[PDB]
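Notes follow once the structure below has been shown.
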Amino acid sequence: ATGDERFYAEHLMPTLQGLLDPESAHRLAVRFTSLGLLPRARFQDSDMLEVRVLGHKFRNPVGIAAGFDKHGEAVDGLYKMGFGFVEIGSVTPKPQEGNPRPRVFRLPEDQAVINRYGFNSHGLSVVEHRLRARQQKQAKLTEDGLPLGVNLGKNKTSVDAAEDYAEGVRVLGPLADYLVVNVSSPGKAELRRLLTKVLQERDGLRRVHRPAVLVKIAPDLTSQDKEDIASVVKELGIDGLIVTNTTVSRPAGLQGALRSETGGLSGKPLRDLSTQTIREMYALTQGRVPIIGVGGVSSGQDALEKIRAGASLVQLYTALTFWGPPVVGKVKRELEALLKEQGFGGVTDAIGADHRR
Ligand SMILES: Cc1cc2nc3c(=O)[nH]c(=O)nc-3n(C[C@H](O)[C@H](O)[C@H](O)COP(=O)(O)O)c2cc1C
Ligand SMILES: O=C(Nc1c(F)c(F)c(-c2ccccc2)c(F)c1F)c1c(O)nn2ccccc12
Ligand SMILES: O=C(O)c1cc(=O)[nH]c(=O)[nH]1
Ligand SMILES: [Cl-]
Ligand SMILES: [Cl-]
C-alpha cells in the first residue's frame, strides 16, 4: 500500500479522468509513457515471479494487453512501469482511422470501459520502422526476460483476412517474440485455413527471427466454438492462446450510464467470464497449450485466480486506466504475497493448480 498507489488512485487519476475524455486520456498516457514521465517502479521482481514459456523467459508474469500501445510508441516506457512483457497492436496492414468518435466510454461505477475504436492503426510500415529503430535494444530486453508481443489485425475493407494476417507475419514477425491473431465465432475449416497460412508464413522466417504464434479469443464463444478452436490449435501446433478479448455481452448489474454503448466491455465485469474461459480452454487443451489470461485483473488475487485456472502469464489494461502506473507494482507485490501464503514455490507451481484439486 504505497504512497504513490494511494495518491494515483485517490487524487491524480480521478482528476485526470474528470478533465479528459477517455480517448484524450489514452493519448496523453501514451505520450507520458513514451517520454518516461512515470512514478518510480519501486518493486523488484523476485525469482518466484519468473516464468519460462513460449520459448522465452518472462521476469514477471504481468503484461500490458493489446490496445494500449496500438502503434508501438511506448514500449520502453511500459517496461519502465514494471510490466514483464509488452504486447503492441492491433496493427493493420494499411493505416486506417478506425470508427468515428466518440468511441471509448468509461463506466466508473463498474470499474469498466466500453470501446469501439475499430482498429485505428498507423499500419504495418510505420510500426515496422518504429520497432526497427529499437530492435537491438529489444533483443537485450528479451534476453533479460522482457519479451515483446505483436498483435496483428486486418483492414476494414479487406476481402481475405488470411492475407492481411500473412502480411503482418511477414512484416512484424521478425521483430516480435510472439505474434497474436484475434479469432471470433465460427467455420472450423475456415479457422484451420487461416491458421495454416499464418503458421506457414511464420515457419518461413529465419530461426532467430521466428516468433511464437498465439490465437486471442473472445469470451463470447459457444461451447462448440471453444471445442473447435481447441481442436484446431492442437492439430496445427499453435503455440498459445490469449484468453480473453473484450465482451459484447452486457452482464446484468452494470450501473454506468454508458452501459448500452456499442463495443467491447473490459474491466471488472469481464473478470470471471475471462477466468472461466481460461479454465475451459486449459482443460480442452489438456494443459499443454500456454494461456495468457486477461480480463479484469487489478489485484494479486485476480492474477492468481487466472494462473490457478490455467494461465501461464496475465495481462491487464483497464486497471491501468483507473489506478495508473502504480497498479503494476501492486499486482506483482500482491501476487508474490499470495503465492507464499498458499505454499507455492513460484508462479510456475501455481499454473493450472485448480485442475489438480
Ligand atoms: C480501449 C481498448 C482498446 C483495445 N484494443 C485492442 C486491440 O487493438 N487488440 C486486441 O487484441 N485487444 C484490444 N483490447 C482488449 C484488451 O487487450 C484486453 O483483452 C481486454 O481489455 C481485457 O483486459 P482488461 O479487462 O484488463 O482491460 C482493447 C481494450 C481496450 C479497453
Ligand atoms: O489511459 C487512460 N488514462 C491514463 C492517464 F490519463 C494517465 F495520465 C496515465 C499516466 C501515464 C503515465 C504517467 C502518469 C499517468 C495512465 F497510465 C492512464 F491509463 C485512459 C482513461 O482514463 N480512460 N481510458 C479508456 C480507454 C483507454 C485508456 C484510457
Ligand atoms: O480496436 C478495437 O476496437 C478493439 C480491438 C480489439 O481486439 N478489442 C477491443 O476491445 N477493441
Ligand atoms: Cl536462410
Ligand atoms: Cl440500458
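Quick note on naming: the chains in the C-alpha cells go A, B, ... in the order shown, residues restart at 1 in each chain, and ligands are numbered from 1 in order of appearance.
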As a ChimeraX atom specification, please: every protein or nucleic acid residue near ligand 1 (cut-off 7 Å, counting only C-alpha atoms and all ligand atoms). /A:65-68,70,89-90,104,113-115,117,119,151,182,216,244-246,266-268,270-271,294-297,315-319
Write a file of the just-selected residues containing C-alpha atoms, as an mmCIF file, in the first residue's frame.
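What follows is the written file out-v6.cif:
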data_model
loop_
_atom_site.group_PDB
_atom_site.id
_atom_site.type_symbol
_atom_site.label_atom_id
_atom_site.label_comp_id
_atom_site.auth_asym_id
_atom_site.auth_seq_id
_atom_site.Cartn_x
_atom_site.Cartn_y
_atom_site.Cartn_z
ATOM 1 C CA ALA A 65 -2.564 -6.142 -23.028
ATOM 2 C CA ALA A 66 -3.011 -5.157 -26.670
ATOM 3 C CA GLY A 67 -4.731 -1.896 -27.408
ATOM 4 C CA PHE A 68 -2.905 0.428 -25.055
ATOM 5 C CA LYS A 70 -1.541 0.216 -30.581
ATOM 6 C CA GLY A 89 -1.218 -3.545 -31.583
ATOM 7 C CA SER A 90 -3.534 -4.480 -33.032
ATOM 8 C CA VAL A 104 -14.361 4.990 -25.909
ATOM 9 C CA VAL A 113 -14.646 0.515 -20.115
ATOM 10 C CA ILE A 114 -16.504 0.081 -23.405
ATOM 11 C CA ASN A 115 -14.563 0.731 -26.578
ATOM 12 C CA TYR A 117 -12.004 2.011 -31.596
ATOM 13 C CA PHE A 119 -8.624 -0.955 -35.213
ATOM 14 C CA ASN A 151 -0.996 -8.326 -32.175
ATOM 15 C CA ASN A 182 -7.682 -12.461 -32.894
ATOM 16 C CA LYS A 216 -6.656 -14.492 -28.998
ATOM 17 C CA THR A 244 -9.819 -13.127 -23.465
ATOM 18 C CA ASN A 245 -10.590 -10.109 -25.546
ATOM 19 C CA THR A 246 -13.465 -7.775 -24.529
ATOM 20 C CA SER A 266 -13.456 -4.666 -20.317
ATOM 21 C CA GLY A 267 -12.554 -4.476 -16.625
ATOM 22 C CA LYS A 268 -14.250 -5.965 -13.563
ATOM 23 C CA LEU A 270 -15.328 -9.258 -17.643
ATOM 24 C CA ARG A 271 -13.102 -10.761 -14.921
ATOM 25 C CA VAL A 294 -6.572 -11.329 -19.478
ATOM 26 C CA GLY A 295 -9.770 -9.569 -18.411
ATOM 27 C CA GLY A 296 -10.406 -7.584 -15.253
ATOM 28 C CA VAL A 297 -7.091 -8.077 -13.472
ATOM 29 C CA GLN A 315 -2.219 -9.126 -18.881
ATOM 30 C CA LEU A 316 -4.101 -6.063 -17.820
ATOM 31 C CA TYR A 317 -5.295 -2.849 -19.406
ATOM 32 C CA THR A 318 -8.430 -1.384 -17.825
ATOM 33 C CA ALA A 319 -6.917 -1.361 -14.319
#
Determine, counting only C-alpha atoms, which protein, DNA and RNA residues have an atom within 6 Å of an atom of region 254-258 of chain A; residues of the same chain fewer than 2 positions away are not included. Present the result as a PyMOL selection string. chain A and resi 107+109+252+260-261
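Of the listed residues (A:180, A:166, A:105, A:283), A:105 comes nearest to residue 21 (chain A); the distances count only C-alpha atoms.
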Restricting the calculation to only C-alpha atoms and all ligand atoms: of A:38, A:208, A:53, A:189, which residue gets closest to ligand 4? A:208
List all protein, DNA and RNA residues that have any atom at most 10 Å from ligand 4, counting only C-alpha atoms and all ligand atoms, and write the list as a count of residues only. 4
Select, from A:217, A:291, A:171, A:350, the residue with the minimum atom-to-atom distance to ligand 3, counting only C-alpha atoms and all ligand atoms.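 Distance minimum relative to ligand 3 lands on A:217.
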Selected residue, from A:234, A:39, A:242, A:118, that lies nearest to residue 8 (chain A) when counting only C-alpha atoms: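 Closest candidate: A:39.
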Given only C-alpha atoms and all ligand atoms, how would the per-residue table for chain A near ligand 2 read, listing every residue at most 7 Å away with its closest atom pair and distance in Å to one decimal, sorted by chain and number, as a Markdown table?
| residue | atom | partner | partner_atom_place_in_ligand_line | distance |
| --- | --- | --- | --- | --- |
| A:13 | CA | ligand 2 | 6 (F) | 6.5 |
| A:16 | CA | ligand 2 | 6 (F) | 5.5 |
| A:17 | CA | ligand 2 | 22 (O) | 5.1 |
| A:22 | CA | ligand 2 | 23 (N) | 3.8 |
| A:23 | CA | ligand 2 | 25 (C) | 6.1 |
| A:25 | CA | ligand 2 | 6 (F) | 4.0 |
| A:26 | CA | ligand 2 | 1 (O) | 3.4 |
| A:27 | CA | ligand 2 | 1 (O) | 6.8 |
| A:28 | CA | ligand 2 | 8 (F) | 6.0 |
| A:29 | CA | ligand 2 | 11 (C) | 4.0 |
| A:30 | CA | ligand 2 | 11 (C) | 6.7 |
| A:32 | CA | ligand 2 | 12 (C) | 4.8 |
| A:33 | CA | ligand 2 | 12 (C) | 4.9 |
| A:37 | CA | ligand 2 | 13 (C) | 5.6 |
| A:38 | CA | ligand 2 | 13 (C) | 4.5 |
| A:39 | CA | ligand 2 | 13 (C) | 6.7 |
| A:68 | CA | ligand 2 | 27 (C) | 6.5 |
| A:104 | CA | ligand 2 | 26 (C) | 6.0 |
| A:105 | CA | ligand 2 | 25 (C) | 6.6 |
| A:106 | CA | ligand 2 | 25 (C) | 6.2 |
| A:113 | CA | ligand 2 | 25 (C) | 6.1 |
| A:115 | CA | ligand 2 | 26 (C) | 7.0 |
| A:318 | CA | ligand 2 | 26 (C) | 6.9 |
| A:320 | CA | ligand 2 | 19 (F) | 4.8 |
| A:321 | CA | ligand 2 | 19 (F) | 3.4 |
| A:322 | CA | ligand 2 | 22 (O) | 6.3 |
| A:324 | CA | ligand 2 | 17 (F) | 4.4 |
| A:325 | CA | ligand 2 | 17 (F) | 5.1 |
Write down as a VMD selection string the residues of region 16-204 of chain A whose backbone DSSP state falls under strand (DSSP E). chain A and resid 51 to 53 56 to 58 62 to 64 85 to 91 104 to 107 112 to 115 148 to 152 178 to 183
Could those selected residues go to a file with N, CA and C atoms, as a compact mmCIF listing (two decimals), in the first residue's frame?
# COMPACT_ATOMS: atom_id res chain seq x y z
N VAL A 51 8.76 -16.81 -15.19
CA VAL A 51 8.09 -17.87 -15.95
C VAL A 51 8.84 -18.10 -17.24
N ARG A 52 9.05 -19.37 -17.56
CA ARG A 52 9.63 -19.78 -18.84
C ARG A 52 8.55 -20.45 -19.68
N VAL A 53 8.13 -19.78 -20.73
CA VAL A 53 7.07 -20.27 -21.61
C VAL A 53 7.21 -19.60 -22.97
N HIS A 56 10.66 -18.32 -24.20
CA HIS A 56 11.30 -17.13 -23.60
C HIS A 56 11.19 -17.14 -22.08
N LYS A 57 12.03 -16.33 -21.46
CA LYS A 57 11.96 -16.05 -20.04
C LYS A 57 11.14 -14.77 -19.86
N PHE A 58 10.23 -14.78 -18.90
CA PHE A 58 9.45 -13.59 -18.52
C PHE A 58 9.84 -13.31 -17.07
N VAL A 62 3.20 -10.36 -15.49
CA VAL A 62 2.18 -9.34 -15.66
C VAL A 62 2.51 -8.45 -16.86
N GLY A 63 1.73 -8.59 -17.93
CA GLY A 63 1.93 -7.82 -19.13
C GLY A 63 0.88 -6.76 -19.36
N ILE A 64 1.21 -5.86 -20.29
CA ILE A 64 0.25 -4.90 -20.79
C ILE A 64 -0.44 -5.51 -22.01
N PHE A 85 6.20 -8.07 -19.79
CA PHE A 85 6.15 -8.18 -21.23
C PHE A 85 5.16 -7.16 -21.76
N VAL A 86 5.37 -6.80 -23.02
CA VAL A 86 4.56 -5.79 -23.67
C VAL A 86 3.98 -6.37 -24.92
N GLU A 87 2.69 -6.16 -25.16
CA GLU A 87 2.04 -6.52 -26.42
C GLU A 87 1.54 -5.25 -27.09
N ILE A 88 2.06 -4.98 -28.27
CA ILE A 88 1.61 -3.85 -29.07
C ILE A 88 0.53 -4.28 -30.06
N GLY A 89 -0.16 -3.29 -30.62
CA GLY A 89 -1.22 -3.55 -31.58
C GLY A 89 -2.60 -3.43 -30.98
N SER A 90 -3.63 -3.84 -31.73
CA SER A 90 -3.53 -4.48 -33.03
C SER A 90 -3.06 -3.55 -34.15
N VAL A 91 -2.21 -4.09 -35.03
CA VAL A 91 -1.68 -3.36 -36.18
C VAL A 91 -2.32 -3.95 -37.43
N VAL A 104 -14.84 5.59 -27.16
CA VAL A 104 -14.36 4.99 -25.91
C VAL A 104 -15.20 5.62 -24.80
N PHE A 105 -15.58 4.81 -23.81
CA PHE A 105 -16.54 5.20 -22.78
C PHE A 105 -16.15 4.60 -21.46
N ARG A 106 -16.10 5.41 -20.39
CA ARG A 106 -15.84 4.85 -19.04
C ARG A 106 -17.13 4.51 -18.34
N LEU A 107 -17.09 3.42 -17.56
CA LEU A 107 -18.17 3.02 -16.66
C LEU A 107 -17.54 2.95 -15.27
N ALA A 112 -15.14 -0.44 -15.34
CA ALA A 112 -15.22 -0.99 -16.68
C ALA A 112 -15.04 0.11 -17.72
N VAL A 113 -14.69 -0.32 -18.92
CA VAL A 113 -14.65 0.52 -20.12
C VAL A 113 -15.41 -0.19 -21.22
N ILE A 114 -15.99 0.59 -22.13
CA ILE A 114 -16.50 0.08 -23.40
C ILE A 114 -15.76 0.81 -24.47
N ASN A 115 -15.20 0.07 -25.43
CA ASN A 115 -14.56 0.73 -26.58
C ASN A 115 -15.03 0.15 -27.91
N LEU A 148 8.57 -9.14 -26.13
CA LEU A 148 7.67 -8.27 -26.87
C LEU A 148 6.72 -9.11 -27.73
N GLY A 149 5.44 -8.79 -27.63
CA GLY A 149 4.42 -9.41 -28.45
C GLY A 149 3.87 -8.38 -29.42
N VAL A 150 3.39 -8.86 -30.56
CA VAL A 150 2.75 -8.01 -31.59
C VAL A 150 1.43 -8.64 -32.01
N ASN A 151 0.35 -7.88 -31.86
CA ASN A 151 -1.00 -8.33 -32.18
C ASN A 151 -1.36 -7.80 -33.56
N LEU A 152 -1.72 -8.70 -34.45
CA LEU A 152 -1.97 -8.41 -35.85
C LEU A 152 -3.46 -8.37 -36.12
N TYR A 178 6.48 -12.97 -29.90
CA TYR A 178 5.25 -13.69 -30.23
C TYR A 178 4.32 -12.79 -31.02
N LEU A 179 3.57 -13.42 -31.91
CA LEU A 179 2.53 -12.77 -32.68
C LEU A 179 1.19 -13.24 -32.18
N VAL A 180 0.18 -12.38 -32.30
CA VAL A 180 -1.20 -12.74 -31.92
C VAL A 180 -2.15 -12.51 -33.10
N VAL A 181 -3.00 -13.47 -33.38
CA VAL A 181 -4.12 -13.33 -34.31
C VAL A 181 -5.44 -13.36 -33.51
N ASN A 182 -6.31 -12.34 -33.57
CA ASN A 182 -7.68 -12.46 -32.89
C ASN A 182 -8.66 -13.31 -33.68
N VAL A 183 -9.34 -14.29 -33.06
CA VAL A 183 -10.30 -15.13 -33.76
C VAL A 183 -11.68 -14.84 -33.13
Would you please work out which residue, of A:134, A:305, A:354, A:250, is nearest to ligand 5 when using only C-alpha atoms and all ligand atoms?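 Checking each of A:134, A:305, A:354, A:250 against ligand 5, counting only C-alpha atoms and all ligand atoms, the winner is A:250.
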Between CA of residue 223 (chain A) and CA of residue 301 (chain A), what distance in Å does the model show, to one decimal?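 That distance, rounded to one decimal, is 26.9 Å.
Of the listed residues (A:116, A:192, A:340, A:103), A:116 comes nearest to ligand 3; the distances count only C-alpha atoms and all ligand atoms.
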Near-residue 82 (chain A) list (10 Å; only C-alpha atoms; drop same-chain fewer than 5 positions) as a list in words: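 Residues near the query, excluding close chain neighbours: residues 40, 41, 42, 43, 44, 45, 59, 60, 62, 63, 64, 77, 146, 325, 326, 327, 328, 329 and 332 of chain A.
One finds CA of residue 287 (chain A) at 13.7 Å from CA of residue 237 (chain A).
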DSSP helix (DSSP H, G or I) residues within region 129-296 of chain A, as a compact mmCIF listing (two decimals) with N, CA and C atoms, in the first residue's frame:
# COMPACT_ATOMS: atom_id res chain seq x y z
N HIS A 129 8.98 0.32 -38.93
CA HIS A 129 10.08 1.27 -38.78
C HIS A 129 10.31 1.69 -37.33
N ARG A 130 9.24 1.83 -36.54
CA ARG A 130 9.41 2.13 -35.11
C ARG A 130 10.10 1.02 -34.36
N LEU A 131 9.72 -0.22 -34.65
CA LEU A 131 10.35 -1.32 -33.96
C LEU A 131 11.79 -1.52 -34.41
N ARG A 132 12.07 -1.27 -35.69
CA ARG A 132 13.43 -1.42 -36.20
C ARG A 132 14.36 -0.44 -35.52
N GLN A 135 15.39 -2.26 -32.32
CA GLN A 135 15.39 -3.73 -32.47
C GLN A 135 16.48 -4.37 -31.60
N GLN A 136 17.66 -3.76 -31.55
CA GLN A 136 18.74 -4.28 -30.70
C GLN A 136 18.48 -4.09 -29.27
N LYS A 137 17.91 -2.95 -28.89
CA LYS A 137 17.56 -2.76 -27.50
C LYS A 137 16.55 -3.84 -27.11
N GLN A 138 15.57 -4.11 -27.99
CA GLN A 138 14.60 -5.16 -27.69
C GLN A 138 15.26 -6.54 -27.55
N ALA A 139 16.22 -6.85 -28.42
CA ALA A 139 16.91 -8.13 -28.27
C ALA A 139 17.50 -8.30 -26.87
N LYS A 140 18.12 -7.23 -26.35
CA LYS A 140 18.74 -7.29 -24.99
C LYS A 140 17.66 -7.39 -23.91
N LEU A 141 16.58 -6.65 -24.09
CA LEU A 141 15.45 -6.73 -23.16
C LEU A 141 14.85 -8.13 -23.08
N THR A 142 14.63 -8.73 -24.24
CA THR A 142 14.12 -10.10 -24.29
C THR A 142 15.07 -11.07 -23.61
N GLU A 143 16.36 -10.90 -23.88
CA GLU A 143 17.37 -11.78 -23.23
C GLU A 143 17.36 -11.63 -21.72
N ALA A 161 -9.08 -12.15 -44.97
CA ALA A 161 -8.43 -11.99 -43.67
C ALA A 161 -7.06 -12.67 -43.62
N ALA A 162 -6.98 -13.87 -44.19
CA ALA A 162 -5.73 -14.63 -44.14
C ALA A 162 -4.58 -13.88 -44.76
N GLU A 163 -4.82 -13.16 -45.87
CA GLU A 163 -3.76 -12.39 -46.49
C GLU A 163 -3.35 -11.20 -45.62
N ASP A 164 -4.30 -10.53 -44.97
CA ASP A 164 -3.91 -9.47 -44.03
C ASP A 164 -3.02 -10.00 -42.91
N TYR A 165 -3.40 -11.13 -42.31
CA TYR A 165 -2.58 -11.71 -41.24
C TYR A 165 -1.23 -12.16 -41.76
N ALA A 166 -1.21 -12.78 -42.94
CA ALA A 166 0.08 -13.21 -43.52
C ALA A 166 1.02 -12.03 -43.73
N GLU A 167 0.49 -10.89 -44.20
CA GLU A 167 1.30 -9.68 -44.40
C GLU A 167 1.88 -9.24 -43.04
N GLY A 168 1.06 -9.27 -41.98
CA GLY A 168 1.56 -8.91 -40.65
C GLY A 168 2.68 -9.85 -40.17
N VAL A 169 2.51 -11.14 -40.43
CA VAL A 169 3.55 -12.13 -40.07
C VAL A 169 4.86 -11.80 -40.77
N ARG A 170 4.76 -11.54 -42.08
CA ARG A 170 5.92 -11.19 -42.91
C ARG A 170 6.67 -9.97 -42.40
N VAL A 171 5.92 -8.94 -42.05
CA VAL A 171 6.48 -7.62 -41.75
C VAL A 171 6.91 -7.50 -40.30
N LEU A 172 6.05 -7.90 -39.37
CA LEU A 172 6.36 -7.74 -37.94
C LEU A 172 6.80 -8.98 -37.20
N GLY A 173 6.56 -10.16 -37.76
CA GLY A 173 7.07 -11.39 -37.20
C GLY A 173 8.54 -11.36 -36.86
N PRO A 174 9.39 -10.78 -37.76
CA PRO A 174 10.84 -10.74 -37.45
C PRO A 174 11.23 -9.84 -36.31
N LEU A 175 10.30 -9.01 -35.85
CA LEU A 175 10.55 -8.06 -34.78
C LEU A 175 9.89 -8.43 -33.46
N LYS A 188 -15.05 -24.04 -38.70
CA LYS A 188 -13.84 -24.67 -38.20
C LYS A 188 -12.80 -24.79 -39.34
N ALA A 189 -13.28 -25.22 -40.52
CA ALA A 189 -12.44 -25.33 -41.73
C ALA A 189 -11.81 -23.99 -42.12
N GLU A 190 -12.55 -22.90 -41.91
CA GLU A 190 -12.06 -21.55 -42.19
C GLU A 190 -10.95 -21.13 -41.20
N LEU A 191 -11.16 -21.40 -39.92
CA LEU A 191 -10.14 -21.19 -38.92
C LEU A 191 -8.87 -22.01 -39.23
N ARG A 192 -9.04 -23.28 -39.58
CA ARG A 192 -7.90 -24.14 -39.94
C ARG A 192 -7.14 -23.53 -41.14
N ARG A 193 -7.87 -23.05 -42.16
CA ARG A 193 -7.26 -22.43 -43.33
C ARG A 193 -6.43 -21.20 -42.94
N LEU A 194 -7.05 -20.30 -42.20
CA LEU A 194 -6.40 -19.08 -41.77
C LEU A 194 -5.14 -19.36 -40.93
N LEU A 195 -5.28 -20.22 -39.93
CA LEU A 195 -4.15 -20.51 -39.03
C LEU A 195 -3.05 -21.30 -39.73
N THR A 196 -3.43 -22.15 -40.68
CA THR A 196 -2.42 -22.83 -41.50
C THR A 196 -1.56 -21.83 -42.26
N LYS A 197 -2.20 -20.83 -42.89
CA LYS A 197 -1.50 -19.81 -43.64
C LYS A 197 -0.59 -19.00 -42.72
N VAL A 198 -1.07 -18.66 -41.54
CA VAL A 198 -0.26 -17.86 -40.62
C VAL A 198 0.99 -18.65 -40.19
N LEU A 199 0.80 -19.91 -39.83
CA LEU A 199 1.90 -20.78 -39.41
C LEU A 199 2.92 -21.05 -40.51
N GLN A 200 2.44 -21.25 -41.73
CA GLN A 200 3.33 -21.46 -42.86
C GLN A 200 4.19 -20.19 -43.06
N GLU A 201 3.56 -19.01 -42.99
CA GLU A 201 4.31 -17.77 -43.16
C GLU A 201 5.33 -17.61 -42.03
N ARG A 202 4.94 -17.93 -40.77
CA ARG A 202 5.88 -17.83 -39.67
C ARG A 202 7.08 -18.76 -39.81
N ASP A 203 6.79 -19.97 -40.25
CA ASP A 203 7.82 -21.00 -40.45
C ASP A 203 8.78 -20.62 -41.53
N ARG A 207 15.26 -18.53 -38.36
CA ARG A 207 15.07 -19.04 -36.98
C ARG A 207 15.25 -18.02 -35.90
N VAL A 208 16.28 -17.21 -36.00
CA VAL A 208 16.49 -16.15 -34.99
C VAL A 208 15.45 -15.04 -34.99
N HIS A 209 14.62 -15.00 -36.02
CA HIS A 209 13.55 -14.02 -36.17
C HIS A 209 12.20 -14.69 -36.27
N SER A 223 -19.96 -23.12 -26.68
CA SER A 223 -19.17 -24.29 -26.30
C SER A 223 -18.61 -24.99 -27.55
N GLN A 224 -19.40 -25.03 -28.63
CA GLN A 224 -18.94 -25.63 -29.87
C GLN A 224 -17.74 -24.86 -30.43
N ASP A 225 -17.82 -23.54 -30.39
CA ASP A 225 -16.72 -22.71 -30.88
C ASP A 225 -15.43 -23.00 -30.11
N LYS A 226 -15.53 -23.09 -28.79
CA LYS A 226 -14.36 -23.34 -27.96
C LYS A 226 -13.74 -24.71 -28.24
N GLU A 227 -14.60 -25.70 -28.38
CA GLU A 227 -14.18 -27.05 -28.70
C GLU A 227 -13.40 -27.07 -29.99
N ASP A 228 -13.99 -26.43 -30.99
CA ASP A 228 -13.41 -26.37 -32.35
C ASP A 228 -12.06 -25.63 -32.34
N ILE A 229 -12.00 -24.50 -31.64
CA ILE A 229 -10.74 -23.75 -31.51
C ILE A 229 -9.63 -24.59 -30.85
N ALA A 230 -10.00 -25.29 -29.78
CA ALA A 230 -9.07 -26.13 -29.08
C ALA A 230 -8.56 -27.22 -30.00
N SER A 231 -9.45 -27.82 -30.79
CA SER A 231 -9.07 -28.89 -31.70
C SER A 231 -8.07 -28.41 -32.77
N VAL A 232 -8.40 -27.29 -33.38
CA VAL A 232 -7.56 -26.71 -34.41
C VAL A 232 -6.21 -26.30 -33.84
N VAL A 233 -6.21 -25.66 -32.68
CA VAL A 233 -4.94 -25.22 -32.06
C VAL A 233 -4.01 -26.42 -31.84
N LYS A 234 -4.57 -27.52 -31.31
CA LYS A 234 -3.77 -28.73 -31.09
C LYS A 234 -3.30 -29.37 -32.39
N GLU A 235 -4.21 -29.46 -33.36
CA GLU A 235 -3.92 -30.10 -34.68
C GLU A 235 -2.77 -29.38 -35.40
N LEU A 236 -2.80 -28.05 -35.36
CA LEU A 236 -1.86 -27.26 -36.10
C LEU A 236 -0.57 -26.92 -35.37
N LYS A 268 -13.74 -5.04 -14.58
CA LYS A 268 -14.25 -5.97 -13.56
C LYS A 268 -15.41 -6.83 -14.02
N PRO A 269 -16.33 -6.30 -14.85
CA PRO A 269 -17.43 -7.16 -15.26
C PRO A 269 -17.04 -8.32 -16.17
N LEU A 270 -15.88 -8.21 -16.79
CA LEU A 270 -15.33 -9.26 -17.64
C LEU A 270 -14.52 -10.30 -16.85
N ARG A 271 -14.12 -9.96 -15.63
CA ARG A 271 -13.10 -10.76 -14.92
C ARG A 271 -13.39 -12.27 -14.85
N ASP A 272 -14.55 -12.61 -14.30
CA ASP A 272 -14.85 -14.00 -14.06
C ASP A 272 -15.28 -14.74 -15.32
N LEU A 273 -15.88 -14.04 -16.26
CA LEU A 273 -16.13 -14.63 -17.57
C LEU A 273 -14.80 -15.05 -18.22
N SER A 274 -13.80 -14.18 -18.14
CA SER A 274 -12.47 -14.50 -18.65
C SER A 274 -11.85 -15.68 -17.92
N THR A 275 -11.87 -15.63 -16.60
CA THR A 275 -11.28 -16.74 -15.79
C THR A 275 -11.92 -18.08 -16.16
N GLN A 276 -13.24 -18.12 -16.28
CA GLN A 276 -13.89 -19.37 -16.64
C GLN A 276 -13.54 -19.83 -18.07
N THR A 277 -13.30 -18.87 -18.98
CA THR A 277 -12.89 -19.22 -20.34
C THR A 277 -11.48 -19.82 -20.31
N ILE A 278 -10.61 -19.27 -19.48
CA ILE A 278 -9.26 -19.84 -19.29
C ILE A 278 -9.38 -21.29 -18.79
N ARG A 279 -10.21 -21.49 -17.78
CA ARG A 279 -10.37 -22.82 -17.19
C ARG A 279 -10.81 -23.82 -18.28
N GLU A 280 -11.77 -23.40 -19.09
CA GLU A 280 -12.28 -24.25 -20.16
C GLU A 280 -11.22 -24.55 -21.23
N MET A 281 -10.51 -23.53 -21.66
CA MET A 281 -9.50 -23.73 -22.69
C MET A 281 -8.33 -24.56 -22.19
N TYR A 282 -7.95 -24.40 -20.92
CA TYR A 282 -6.88 -25.20 -20.34
C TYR A 282 -7.30 -26.66 -20.39
N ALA A 283 -8.52 -26.95 -19.94
CA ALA A 283 -8.97 -28.33 -19.96
C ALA A 283 -9.10 -28.91 -21.38
N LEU A 284 -9.65 -28.12 -22.30
CA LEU A 284 -9.79 -28.58 -23.70
C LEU A 284 -8.45 -28.86 -24.41
